[PDB]
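Okay, here's what each chain looks like letter by letter:
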Amino acid sequence: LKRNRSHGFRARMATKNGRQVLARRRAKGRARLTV
Amino acid sequence: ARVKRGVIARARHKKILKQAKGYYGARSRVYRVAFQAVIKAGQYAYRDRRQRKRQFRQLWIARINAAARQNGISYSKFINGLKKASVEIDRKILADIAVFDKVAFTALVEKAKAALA
Amino acid sequence: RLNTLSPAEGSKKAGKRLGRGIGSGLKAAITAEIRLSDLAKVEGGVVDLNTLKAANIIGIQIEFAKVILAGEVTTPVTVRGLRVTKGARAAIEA
Amino acid sequence: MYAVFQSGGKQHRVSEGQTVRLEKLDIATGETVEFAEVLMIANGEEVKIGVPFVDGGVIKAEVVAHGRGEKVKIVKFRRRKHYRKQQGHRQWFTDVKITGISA
Amino acid sequence: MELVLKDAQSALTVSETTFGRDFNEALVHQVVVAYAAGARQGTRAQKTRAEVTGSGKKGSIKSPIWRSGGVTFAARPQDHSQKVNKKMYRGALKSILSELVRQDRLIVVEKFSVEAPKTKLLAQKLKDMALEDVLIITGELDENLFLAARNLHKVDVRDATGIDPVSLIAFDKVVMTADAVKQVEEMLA
Amino acid sequence: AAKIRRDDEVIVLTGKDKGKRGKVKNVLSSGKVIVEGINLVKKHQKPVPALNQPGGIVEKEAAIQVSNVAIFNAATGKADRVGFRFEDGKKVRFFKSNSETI
Amino acid sequence: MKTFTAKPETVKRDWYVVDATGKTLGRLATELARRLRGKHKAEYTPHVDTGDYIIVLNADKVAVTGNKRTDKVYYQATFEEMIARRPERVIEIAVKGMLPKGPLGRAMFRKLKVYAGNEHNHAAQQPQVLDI
Amino acid sequence: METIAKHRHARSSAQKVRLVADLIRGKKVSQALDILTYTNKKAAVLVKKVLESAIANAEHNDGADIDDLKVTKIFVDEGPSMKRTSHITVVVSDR
Amino acid sequence: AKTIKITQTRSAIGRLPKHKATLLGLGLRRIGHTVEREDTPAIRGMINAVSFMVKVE
Amino acid sequence: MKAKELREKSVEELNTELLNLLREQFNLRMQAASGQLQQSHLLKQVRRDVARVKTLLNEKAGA
RNA sequence: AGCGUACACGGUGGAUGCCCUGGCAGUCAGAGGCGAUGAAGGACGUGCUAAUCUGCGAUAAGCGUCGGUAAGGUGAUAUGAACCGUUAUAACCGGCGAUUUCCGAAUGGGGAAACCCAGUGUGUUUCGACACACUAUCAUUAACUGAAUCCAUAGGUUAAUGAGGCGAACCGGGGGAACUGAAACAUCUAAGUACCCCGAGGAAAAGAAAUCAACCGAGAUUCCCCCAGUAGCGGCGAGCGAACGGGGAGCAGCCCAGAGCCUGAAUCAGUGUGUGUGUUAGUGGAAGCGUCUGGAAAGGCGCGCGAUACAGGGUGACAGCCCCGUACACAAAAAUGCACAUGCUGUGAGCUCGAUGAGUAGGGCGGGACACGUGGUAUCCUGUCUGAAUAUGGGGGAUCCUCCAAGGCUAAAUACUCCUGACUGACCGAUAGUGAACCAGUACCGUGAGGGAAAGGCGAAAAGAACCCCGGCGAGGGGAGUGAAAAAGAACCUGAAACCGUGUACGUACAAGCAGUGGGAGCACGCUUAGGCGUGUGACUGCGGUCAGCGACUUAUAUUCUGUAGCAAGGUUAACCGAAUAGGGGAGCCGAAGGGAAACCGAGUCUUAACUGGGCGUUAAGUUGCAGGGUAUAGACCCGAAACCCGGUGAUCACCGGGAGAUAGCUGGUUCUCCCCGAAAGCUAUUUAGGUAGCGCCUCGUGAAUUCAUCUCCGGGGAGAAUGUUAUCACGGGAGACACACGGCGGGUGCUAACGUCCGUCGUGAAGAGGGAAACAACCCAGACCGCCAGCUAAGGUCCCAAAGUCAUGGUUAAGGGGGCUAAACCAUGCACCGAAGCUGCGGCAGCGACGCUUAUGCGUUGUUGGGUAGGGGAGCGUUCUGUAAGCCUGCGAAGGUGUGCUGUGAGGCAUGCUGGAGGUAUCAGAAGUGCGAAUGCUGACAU
């Protein structure tokens, strides 16, 4: 549960920098955005 | 205008190797040493094209001297007699007649002795 | 006949490509000058402070000009009322 | 019967019939040249050169064809300076058949 | 000089400096080369070592020596157009016309037209004149002739104002109508 | 529309059967067609006791390009191309060479 | 044509007999080496053993002038004891001294046959007499 | 006549199979079989199987006279890597 | 007048530039070459300058 | 079939849809899994008919 | 027993050749947003399904209506089962709709994304559950409630609207570095660059003078070419950079300021009708046969036909006439953009007077921040008061010149492409092009941001090997059969090298250091009818990590020179228009006149008061394109650091992306042939020791007095003969060297030794091969254009090793590289001989001068020259692509692979055997991703 509590989708989406990271992931087109 | 260098490079390597056959393994198969072996063989051939004249001159002189000694005259005295007898026969022909027919060489040496004095 | 066409000898050079192989080697602003050819025949080129800009011979805003001579004299142009160099009276009148 | 004659600066001892190799000589293929120079004639009692350039001996020979020798690759370059210079050489030659030897 | 009309045996007066000047080989070659180079569409590009996707300096992967790396001197889209002086162009056209006149590759006719836009009529007309690969230059372009000649690959049709140095060379024979001859004479001065 | 339809007498213009007539069985969606006895293949079917195995070598009919078959008309005995023409209400095929409606 | 080359298959060699009594070691050995090498014959060829077999008799009769009887040393004995025990060894070493180094040189040297007594088992070969 | 039989992509080292193949090259099949029978080397089984297959192919595809068959050309070639596999080849012919 | 004969005898590789210039003036551009010369004191001095490598006859 | 039942009222559309679904879907799914029903035509046919009825029954009565 | 060599036959290998459903770079048009009526992107399902792509969403490869089309169809892999339809309800295409699970701004609460858990209202009910809507925040409007505070408000509730998030560039605004370079801090550049945040846009911003200029005058904003890389700024250094004006694309100026006169007047935006023109499906659409090869014809051969269609693609090899197509002519139930006349709602044609923007400028008073600190110091605001008239007045630069602010708006030309359709390419063709032609941002690596690959081809058609046999009911293989081919078998076009094997012929087993080269027997195969001939090996003898691919002086802007072409005292266009490589455009730039400090003069010109000073020019032609040799700036021929900053991810014990192709210094590498000439490591001043500016040597082109060198005489430079291809000097382009070593001679210093020092003579090597002294760059002879199984010689030698005198005429000598020599040693003489790549003899090639045929070559010759490092000059070979080229070769056999022969001084070229099975390309020109043997180079394979 440690991995999800920090790198999980909700935790990443919570902060603006995580939103930017997810946007970059979407732009690149990776199969899995978070895990 | 991209050009692939494969064809010309392979042709050049094949041409270089075609004249390096029989060089004890690597020097006949590895290009990096085959080229050096070919160059060295060429240089040795260039030197030997000249050394051949020296070697054959020495062999002819030895044969002429050996034939003359059978007739009781040394090579230097035989050459002196031929020169003073106005004989233009070359050493190659002298050696050839000496090794083929002895009567001709006996006549040569007798004539050389006659004009020696 | 596009095949036959070819340039003159020495026109195009290959251009050396070094690094390939071993055997391949490697008051002033308003001052101007008038020449005899200038205003030689401009259909009304009478010497004057005007009718010189229109002919488009020297500048646009030029207002002062001389009669300096540089060879090629073939017109008996008469100069009066404008500056004339001391040496200009020999060839202009000839 | 073998005759010794010089044509291109080197003497050749040639027996009757057998063809011999000589330098290039400006003579037509059909023409039959006479070698006015003879240095020896061989018989039961061979006649020696009483005087150089025996005038009494003349060799008759006919040229069959000209040509070039085997290709020779010469590397004038030396000293091992990582340079390649393989020039080619093919010396001109003429094969001549000799018929008739005069003593 | 005088050009035989081939139909009325009437000569056409044309300036010697236009249809009779000496053939300047170098000028014509330069003009045709410039015309060919002007048609180039230099649309190409390669990725330099700073454009190939990647990152890091663990030397660098994007170096030209490395596989899948950038090109050492990657090209960029460039314009190959070459300036040609008006005087040089006119001189080249005059020289080409004079050479065509000398080699009898140029013929003049009264009027060249067909009744209807039918390729069969044009083919028959060219056959009657023993013409297979020709450039017909005219004045006011005729719709019928233009439509008829469009399909025939060997035959081309154009107006006097649309002639080019390459066109007058690549085609075996040129048929300039009298009106076209006058128009070209005026254009070349 | 389609120039070749079911049960149309055709002649194979090219491809090992120049002149052999036939009758079209079906037309494939990829542009090929199957005709009666023009292309015979000797398929070596894998045996299967069930599913009604034909047995041994199956001498069956292969598919050929539609471009290699031309409609055959008994009026002249030679294959000729077929175009489309509008009737009063419908569209019908007709050969060339005097436009004889099919 | 090409200069004649001796064929080892058809080399003609004739036996010879040489007596060493009253002859200098150096000069006799030099003559022997010249005869073994085949240089005397007109058919001499550097790469072919065209010489002839030679038999040396009375090796103990070797004569050398000067004080060489003590100076000479072969391998650390002295010349006197060696001539007393094995006269043939002196001649053998001398002749070896005048021949090329290599398998051909050894082959040529093997032809020489040196003995102290006049009698020899090779008389069945009709060895010719040679003078020096 | 000449009968071929080969095994491709064998799971064995080329040198190991060659060690066994050299023991029968130029030998008669009648003795080759019983020589390979008692050989304890692993490649012996593979070589024996290939030789038996060659003999069977000669039998079915030829008339008779299996006794006189001789091992003429037997060789092992290097094969594709992943432990380099080996291609064994045996040729049996009466003459 | 009387014409003298001069023939180069020895090489000139290991010689001073003055000797080489003298040989060039004498016309001896190759060893063994035989050339004619006139009878003047200049020729005498030229021969005297280099005599260990030339012969006069 | 597609349009003949368009004129049918909403109540009978409801009843026929209920019958078709609750009977055919269950029966086909059960027999389709028990090894029976060698033919799959009915499986698609019933689903398509149910979809067609579903498209009606909303605009006809205003949903 | 192994090893080496050559040939034949095989395996891993996947280079090379041919091909494209993939990319790269651009042109022309559309469009520039999507979403709480639930976006971008995902999870799970859905078919008769074991799996993937695509479609779709519990109505789940689909549903309803209307049109086109229809005899086939139910999407594909990759088939099968089961089914529908065939003349109008099969299927396919398009318009309009219905359905549209869950996560995701997620929005009823919770949470670990696709999960769990509730309330209210309504329908249904098997009265248990089920089915639909709402239940997050802020802001705004109407209403009801509603404390401080009676009313009223803040707040709550109800009804309605907007935002919440995603997205490539462009626009505005606010933040905002560092490395580095300028002779060196500061300063500037770096750079308002990198990077961060907010906003609407289809474009944005700006847009109409209280502007400039000078007494002539331009007149809105934005953009392009000149002016001009000019004036100017700048430790006048790197570097930064104008304006006026001229030529162009667009050219539109308006409204209110508050009243009056006839009214609602034209125009404007919205709201409907009718036509035309498109978009979203579509219909018609010309004209070939025989023959010969050939698996197959579209190829050759003969004769016909269409062409407003010879653009293109497929079809058993290359198709105008086989098919789809193209030109052309037509087509719309429905939705939709544009252009019109039309009923209607709102700003309302035109004239007059006002007004001309007021608590405003100005006056200040004190600050801060604009890099700008009072420094040369300009600028925004107030915490704060005052405050002027309305053209007769005010602002800016006493006269004079221009405008009427403190109110507002304004399309046009202008920047970019996330996306849509067409087209094009001297762009690439699987180690290229994108990282990705294939199930790629996948496998895989890291907890994380992030990093990130390898991998194409059977065949025309699977006709994908029935059947038999070995084997374990395997893997694999041998037959049979299909196929033109199985030398196409699913590891499937072509199939090279390294590497590993079998057979044949030859040679060879103690440590040499080379396994090469000249001679050369022997052995096996073919000649030849013998001549010692070719191939394979090489006893003996003189001399003496690998393979294939990729990878490096390119491009842009200025300046100088050379060759070449047009015009010529003229040359020449840029932007732009354009019938678009034509023509127009002379705005603009260079030159024709220089001298002179400026001034001034002028084919003449100055200094001093003028020169007994020397002028500087004309008489030499400049300009515009093309190609090339240099220089400078950009990354600058290619590869190779530590460090600093910014934005993020982890503190489970710093890392990822970007500035950045950073910046230094110093190594390493730089790929085809031939010919001619051919260096240097030395000197002067500076010396911020970085070097610099010159001198000096080399080469090429031009000019020059016949210049210079050697020898003689005369005088302490002058004259005279011949020889030297001007070897002499000047000009211009381009170089290299700029740390030289050794040694004889004359030295200073000194062991009166020097390889410590720098000089003039120099010779050797660098950059010169060969002979001799055993070898040995420094000792002597001697400068290799090529071939010859020719001769004569120099230094040195003549007993053997080892070619040549045990030579002769007289003496001395007992000392003893190898044996040894009593002369086979030393001192002299003579005749000889050996002795090099020196010289000569024959043949052959190339450069440079003169004389006579030809005036480009080709000849009688004449002669001469031809070692070469760095460097300069000249002439050529090779590969991709473009025009020539719809021409030519080519299925009777292309490209490629592999042998042979011929040919060229060589780079290379031609023919042909086998394999290969469809492309290649002559001649002449044009453009290069153009030539590999190393860069601890990279990729794959093979070794160890």
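Per the deposition metadata, cryo-EM was the technique used to determine this entry, at a resolution of 3.29 Å.

Trainee: How should the overall build of chain A be read in this particular structure?
Mentor: When helices and strands are counted, chain A shows 3 helices and 0 strands. Secondary structure elements in chain A, listed N-terminal to C-terminal, are α-α-α. Each principal axis of the C-alpha distribution contributes one length, and for chain A these read about 25 × 20 × 10 Å. If you sum the accessible surface of chain A, you get close to 3200 Å²; carbon and sulfur atoms cover 50% of it.

Trainee: Would you explain a positive patch on the surface in this entry?
Mentor: Together, B:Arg12, B:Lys15, D:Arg68, D:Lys71, D:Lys73, D:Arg84 and D:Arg90 make up a positively charged patch on the protein surface. With respect to the element layout, B:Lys15 can be found in helix α1 (residues 6–18). Residue class for B:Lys15 comes out partly exposed when judged on its relative accessible area of 48%.

Trainee: Would you explain helix α1 (residues 14–21) of chain H in this entry?
Mentor: Side chains of residues three or four places apart in an α-helix project in the same direction, reflecting 3.6 residues per turn. All names here are of chain H. Along α1, the residues classified as buried are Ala14, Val17, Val20 and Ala21. Buried residues in α1, looked at end-on, bunch into an arc of 125°, giving them a common side. In this structure, the buried residues of α1 make contact with α2 (29–37), α3 (42–61), β2 (70–78) and β3 (86–93).

Trainee: What should I look at first to understand a nonpolar patch on the surface in this one?
Mentor: Where nonpolar side chains cluster on the molecular surface, the patch consists of J:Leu18, J:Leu21, J:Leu22 and J:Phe26 and spans about 380 Å² of accessible area. With respect to the helices and strands, the residue J:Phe26 is situated in helix α1 (residues 10–33).

Trainee: I would appreciate a short explanation of the interface of chain E and chain C in the present structure.
Mentor: Taken together, the 13 residues of chain E in the interface contact 8 residues of chain C. Buried surface at the junction of chain E and chain C, both sides included, amounts to about 820 Å², of which 63% is carbon and sulfur. Ranking the residues of chain E by area buried against chain C places E:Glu25, E:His29 and E:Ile169 at the top, with a combined share of 52%. Put simply, chain E and chain C have 0 salt bridges between them. Counting across the chain E and chain C interface gives 2 residue pairs in polar contact. When contributions to the side of chain E that touches chain C are tallied by element, the ones reaching two or more residues are α2 (25–38), α3 (86–102) and α6 (167–170) of chain E. Per-element tally for the side of chain E that touches chain C: the top contributor is α2(E), with 5 residues. Considering only residue class, the side of chain E that touches chain C consists of 9 nonpolar, 1 polar and 3 charged.

What counts and how
Residues numbered from 1 in each chain as written, not as in the entry; some residues may be left out. Chains lettered and ligands numbered in written order. Heavy atoms only, no water. Helix = DSSP H or I, 4+ residues; strand = E, 2+ residues; numbered from the N terminus. Areas by Shrake-Rupley, 256 points an atom, 1.4 Å probe, with all protein chains shown as cover. Patch = residues over 30% accessible without salt bridge, like charges linked within 9 Å, V, L, I, M, F, W, Y side chains within 5 Å. Salt bridge = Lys/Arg side-chain N within 4 Å of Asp/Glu carboxyl O. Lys, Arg positive; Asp, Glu negative; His and termini not counted. Charge placed at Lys NZ, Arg CZ, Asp CG, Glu CD. Buried < 20%, exposed > 50% of the residue type's maximum accessible area, 1.4 Å probe, protein only. Arc of directions from axis to C-beta. Contact = heavy atoms within 4.5 Å. Buried area = accessible area lost by both parts, 1.4 Å probe. Polar contact = N/O pair within 3.5 Å; in protein donor to acceptor, adjacent residues only side chain to side chain. Nonpolar A, V, L, I, M, F, W, Y, C, P; charged D, E, K, R; others polar.

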